[PDB]
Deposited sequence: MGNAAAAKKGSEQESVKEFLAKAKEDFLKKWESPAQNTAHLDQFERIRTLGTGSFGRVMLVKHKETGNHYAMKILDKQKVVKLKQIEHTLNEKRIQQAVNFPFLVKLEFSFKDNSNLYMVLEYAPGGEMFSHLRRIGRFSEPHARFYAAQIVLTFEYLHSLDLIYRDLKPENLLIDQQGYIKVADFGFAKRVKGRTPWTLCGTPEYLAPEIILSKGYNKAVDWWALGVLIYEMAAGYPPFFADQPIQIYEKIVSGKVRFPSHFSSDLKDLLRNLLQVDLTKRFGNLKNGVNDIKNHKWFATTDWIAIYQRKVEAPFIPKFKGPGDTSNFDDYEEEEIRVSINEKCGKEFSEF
């Protein structure tokens, strides 16, 4: 019609078929720890270090997420962790970090991720202070397309924030960390996410859907463009009071277009929140603030990035060797991993 929208609906149809075959037949046990030279800690998550590694027989570099199995059980994250790996090995999209290999041993789960030399958007955002709107828009557009992709697969992402967005060598985004991703038709109830980014319906124990991802996009755009999030305080409890209060103030330098997009994304009323209406994602894609955005050009990476990572430069850590136990821990819990 809608010649554009028809090309969208056909691409998504084929993508969903690729995803479904992998969703039903997950890749499993595709490597071993001794095939990877462990170089240094890139960062940390709840369940272990994320290591910079080199695959010995190819010389490729990856980020290897280690997950202590006992720590996953103790944090009651077994099902979320199985979701994470099953979803991540099945999706395929330019702005999604690829799960190149996964495996486990007696002690750990390992997820061998595509490596982004730029690291986390969070680091660059805090250092520079804030992104100008064209810079923020470039990143936002990639998130818009990625949520359109994921939501068509019945996937909710549930942990959007700058900490989880990596900058690649071309200056584009890769969404990392699928720890809370979930394939659900209809509503779900888990209280999970990051306080500053929680939609009101989550805080209110209301039952929710993909619209929490669109609210979270509003927080991210705001934080990228302002240098601070729209709702912050010293304690999460004070953050939640502001989120549900129905109130938000924009910096004096936000364009009126930006403020209008964010008022429709940061809408406490689900029935009025952009992304959740009759036109779905297109109330966002066709918004004023995105008028200069060439969505196809973004997808095929023809747009010049506003920022390319400085071509050594990592936060130092104390580095200890991986200890693999003599006995298998939590074998039945993670059987399908």
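Enquirer: Numbering from 1, run down the deposited sequence and write out every stretch that has no C-alpha in the structure.
Expert: Unmodelled stretches, in sequence order: 1-8, 197, 321-326.
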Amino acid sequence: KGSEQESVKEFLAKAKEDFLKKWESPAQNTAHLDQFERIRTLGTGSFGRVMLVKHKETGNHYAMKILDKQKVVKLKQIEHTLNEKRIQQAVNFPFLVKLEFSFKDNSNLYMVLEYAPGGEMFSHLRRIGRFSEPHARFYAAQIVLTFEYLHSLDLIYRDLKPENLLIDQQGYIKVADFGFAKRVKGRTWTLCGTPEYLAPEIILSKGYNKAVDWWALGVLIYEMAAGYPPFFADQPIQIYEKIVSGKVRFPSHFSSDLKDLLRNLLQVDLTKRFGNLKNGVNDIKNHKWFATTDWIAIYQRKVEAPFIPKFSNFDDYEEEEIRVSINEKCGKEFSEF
From here on, numbers count along this sequence of modelled residues.
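Enquirer: Averaging C-alpha B-factors over each stretch, which comes out higher, 263-271 or 157-165?
Expert: If you average the C-alpha B-factors of 263-271 and of 157-165, the larger mean comes out for 263-271.
Enquirer: Which of the two stretches, 302-310 or 57-65, shows the higher mean Cα temperature factor in the record?
Expert: Between 302-310 and 57-65, it is 302-310.
Enquirer: Pick out which of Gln142, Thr81, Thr190, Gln170 has the highest C-alpha B-factor in the PDB entry.
Expert: Comparing C-alpha B-factors across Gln142, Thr81, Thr190, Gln170, the top value belongs to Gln170.
Enquirer: Just say lowest, middle or highest third for the CA B-factor of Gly246 relative to the other modelled residues in its chain.
Expert: For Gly246, whose C-alpha B-factor we compare with every modelled residue in the chain, the answer is the highest third.
Enquirer: For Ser102, return the chain-relative third of its C-alpha B-factor as stated in the PDB record: lowest, middle or highest.
Expert: Middle third - that is where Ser102 ends up once the chain's C-alpha B-factors are sorted.
Enquirer: With respect to C-alpha B-factor, does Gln89 fall in the lowest, middle or highest third of the chain as deposited?
Expert: Ranked within chain, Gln89 CA B lands in the middle tercile.
Enquirer: By the recorded C-alpha temperature factor, relative to the other modelled residues in its chain, which third is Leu75 in?
Expert: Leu75: CA B-factor falls in the lowest third of its chain.
Enquirer: Based on the entry's values, in what third of the chain does the Cα temperature factor of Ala27 lie: lowest, middle or highest?
Expert: According to the entry, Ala27 has a C-alpha B-factor in the chain's middle third.
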